[PDB]
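Trainee: experimental structure and its sequence below.
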Amino acid sequence: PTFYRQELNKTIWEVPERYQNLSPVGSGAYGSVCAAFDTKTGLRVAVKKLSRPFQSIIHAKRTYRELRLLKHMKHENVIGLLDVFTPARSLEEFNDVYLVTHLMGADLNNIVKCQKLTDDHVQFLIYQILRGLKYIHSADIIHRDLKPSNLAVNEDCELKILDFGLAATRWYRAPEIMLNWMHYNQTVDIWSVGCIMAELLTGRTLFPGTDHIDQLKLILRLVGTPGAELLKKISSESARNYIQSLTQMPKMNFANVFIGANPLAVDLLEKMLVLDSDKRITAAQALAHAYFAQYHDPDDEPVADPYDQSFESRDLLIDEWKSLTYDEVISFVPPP
Ligand SMILES: O=C(CO)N1CCC(c2n[nH]c(-c3ccc(Cl)cc3)c2-c2ccncn2)CC1
Ligand SMILES: Fc1ccc(-c2c[nH]nc2-c2ccnc(F)c2)cc1
């Protein structure tokens, strides 16, 4: 189609004429986001322009990664791709990438911030995060940085997860990541959901750590210092010296810490915020918890198609990553 050009916040935007009335809404991962009206579909959309998508090998691979991830995700509670385009007419001229999705009006950081949610709202918002995570996790994808600011929400409380798989943000991070364990599992995301849910219910950051050390201190204050079963799983001499040097802490009584909350919410919280990540509830199990009795339907909580992440192990030239991304743009098929 016919492109047209404009400057918005120092940044140039060259987009097809179908997208009208571009309006800056803020920063995205590795780029800027504009709200727009899609004259073809009649949809309000969000367009992200990647900044310097092919600046280095790291950027090139990251651009490919995000495009591959967005092309794969087709789920109500996960951001997906409505369109992807470039003003470039050929591979040699290919230097910019624009990604388009449904416009979402706010995020949970905007919502919780100075606005108290009812237990009914929390059930629905957390149900939707878990339903999305079930899907993401079934594709062997980990979010790794789940936090209120990457949960997009509309005025009717429909929620989508963004910025998954790209990999303070500290506040929502699993303690095994604070300890720098490289073999963490998908349940790091469940830890983050627990932190988020706690905050939705209480109106305060559960673990507002001032650094990595402070963050673990705050976590261990609630959940206790590791037991013997967990300590035996820590290979790192240094990590063990640190953890075993702290004054032992008992696990607190969650019913007391979150007193006044729905006892079912308290129960789910204790299953999510388990120190040993092997013992944490999974997204699929969490959906079946009684807290979500009014929302849960196992016939309407789909899993994802298999997703090939083998490229992640590959070390390629910028031009190779760029060409792979270009072919992914050209092969894009929009949804129905
Ligand atoms: O922090 C803020 C605002 O202060 N924001 C929260 C994050 C928010 C945001 N970040 N990234 C996207 C995005 C856009 C298109 C694609 Cl294909 C993929 C990701 C959005 C967004 C914005 C609106 N609707 C949908 N996505 C931008 C605004
Ligand atoms: F203070 C602590 C101690 C251990 C964890 C922890 C939770 N789940 N898994 C681990 C873990 C397993 C193996 N090696 C590690 F380094 C960490 C988290 C905080």
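Mentor: It's in. Numbers count the residues shown, from 1 in each chain. Ligands and ions are numbered 1, 2, ... in the order given.

Trainee: helix, strand or coil for residue 49?
Mentor: Assigned with DSSP: H, G, I helix; E, B strand; the rest coil, residue 49 falls in the strand class.

Trainee: tell me what it is bridged to.
Mentor: Applying DSSP bridges to residue 49 gives these bridge partners: residue 32, residue 98.

Trainee: my guess is it contacts residue 10, does it?
Mentor: No. When contacts are counted by C-beta atoms under 8 Å, residue 49 is not listed as touching residue 10 (11.8 Å). C-betas here are computed from N, CA, C, even on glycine.

Trainee: quick one, which of those two is more surrounded?
Mentor: Set residue 49 next to residue 10 and count neighbours by other C-beta atoms under 10 Å: residue 49 wins out with 22 against 6.

Trainee: quick one: contacts for that one?
Mentor: Residue 49 is in contact with 11, 13, 31-34, 96-98, counting by C-beta atoms under 8 Å, 6 or more residues apart in numbering.

Trainee: out of those, who's nearest ligand 1?
Mentor: Taking C-beta to the nearest ligand atom as the measure, ligand 1 sits nearest to residue 33 out of the contacts of residue 49, at 4.4 Å.

Trainee: what's around that closest one, how many residues?
Mentor: Here the number of neighbours of residue 33 (other C-beta under 10 Å) works out to 19.

Trainee: again with the one 5 residues further on
Mentor: Counted with other C-beta under 10 Å, the burial measure for residue 38 works out to 19 neighbours.

Trainee: quick one, phi/psi of it?
Mentor: The main-chain torsion angles of residue 38 are listed as degrees, to the nearest 10 and equal phi -90, psi 100.

Trainee: same check, this time on residue 249
Mentor: Listed backbone geometry of residue 249 is phi -130, psi 130, with angles given as degrees, to the nearest 10.

Trainee: ligand 2 versus residue 73, what's the distance?
Mentor: Separation of residue 73 from ligand 2 (C-beta to the nearest ligand atom, to the nearest Å) stands at 27 Å.

Trainee: show me what contacts that residue?
Mentor: Listed by C-beta under 8 Å, 6+ apart, the contact set of residue 73 reads 79-81, 135-136, 164, 304.

Trainee: and which of those is nearest residue 331?
Mentor: Of all the contacts of residue 73, the one with the least separation from residue 331 (C-beta to C-beta) is residue 81, at 12.0 Å.

Trainee: identify the residues contacting the closest one.
Mentor: Neighbouring residues of residue 81 by C-beta under 8 Å, 6+ apart: 70-71, 73, 99-101, 332.

Trainee: now residue 136. Nearest residue, chain neighbours left out?
Mentor: Once flanking residues are discounted, residue 136 sits nearest to residue 164: 5.5 Å by C-beta to C-beta, 6 or more residues apart in numbering.

Trainee: now swap in residue 168 and tell me
Mentor: Using C-beta to C-beta, 6+ apart, the nearest residue to residue 168 is residue 209, at 7.2 Å.

Trainee: and the stretch 1-150 of the chain, which residues reach ligand 1?
Mentor: Applying the criterion C-beta under 6 Å from any ligand atom, the portion of the stretch 1-150 of the chain that neighbours ligand 1 consists of 25-26, 28, 33, 46, 48, 70, 79, 81, 99-101, 103-104, 107, 149.

Trainee: nothing else from me, thank you.
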